[PDB]
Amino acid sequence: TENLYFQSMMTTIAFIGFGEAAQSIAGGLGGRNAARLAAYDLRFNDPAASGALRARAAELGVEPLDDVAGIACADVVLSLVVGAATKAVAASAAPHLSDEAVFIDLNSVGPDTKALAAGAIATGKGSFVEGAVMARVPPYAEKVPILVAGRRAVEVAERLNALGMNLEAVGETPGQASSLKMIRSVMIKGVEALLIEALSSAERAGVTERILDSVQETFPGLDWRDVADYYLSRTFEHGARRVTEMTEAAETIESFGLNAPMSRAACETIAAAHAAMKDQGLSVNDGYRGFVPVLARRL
């Protein structure tokens, strides 16, 4: 019950980058022959990695391309490379895209870099759609939530959703998808940071339960102890990667001509708290009753 125009259509996808994320995505698509798959990777040319990578390409039913120019055949090019390589990749692909083709940039970079990738693509004939991957890929494969933005975002979402992928078009302006992903971090990690600051303060003052009561009375819809349990355990376990996500978010907001003091302070806070909790005999299972006394003392 997806779109007819898109089911009765010749659909070739080329990955740029054939790492884990690209592999799991191509994994879930491969058995269906939902589309002719291909992948360009530099390691396809490295004698030390070539054999092992080409076998896996064969095992997931993806064709290895020897060169970037092998993407000329694709309707949709997916760019999943190391963040640092984003622009370089874009610039390589640009001359080889057909004028109907869409390059979707799925890299973990801010709207600024996305804009430069879009610019490289524009020096050739292809279209650019900006994407942002909303979850880790392994647990979801090809149904990982992706946000897309651009002239052709609705069009590619529909086309790739007809193949079983999980895209939503969030705007016509490239930059909007990574902006949305980054800003969404601000509320979520901002709240986590506020709990860290309020609760460890409260704890040093001996009024923790009373302060949880007072937040519970002010914002009654949520169970704030469940919130503090959940998000402080997130600081415990993934504090390092949560600080990266925050650092990027501050840069995104700054990139819009806005000061980002909440995002910067939250990043600092989550990093300080993660450090504070390491090697203290805590468990992700321990709750705020567990974490807060440690943070109180260690901060």
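In case it trips you up, residue 1 is the first one in the sequence shown, and so on.
If you average the Cα B factors in the entry, which is higher, 179 to 187 or 135 to 143?
Looking at the record's C-alpha B-factors, the answer is 135 to 143.
Given 286 to 294 and 9 to 17, the range whose Cα B-factors average higher in the PDB entry
Between 286 to 294 and 9 to 17, it is 9 to 17.
Going by the entry, which of 271, 232, 62, 265 has the most elevated CA B factor?
Going by the entry's C-alpha B-factors, 62 comes out highest.
For the chain shown, is the CA B-factor of residue 98 in the lowest, middle or highest third of its modelled residues?
Highest third, going by the recorded CA B-factors of the chain.
Relative to the other modelled residues in the chain, which third contains the C-alpha temperature factor of residue 205: lowest, middle or highest?
Its C-alpha B-factor belongs to the middle third of this chain's values.
Give the position of residue 261 by CA B-factor within its chain, expressed as the lowest, middle or highest third.
Within its chain, residue 261 is a lowest-third residue by C-alpha B-factor, going by the deposited values.
Third of the chain's Cα B-factor distribution that residue 78 belongs to, per the entry:
Answer is lowest: the recorded C-alpha B-factor places it there.
Using the B-factor values recorded in the entry, state whether the Cα atom of residue 115 falls in the lowest, middle or highest third among the modelled residues of its chain.
Its C-alpha B-factor, which the entry lists for residue 115, ranks in the lowest third among residues of this chain.
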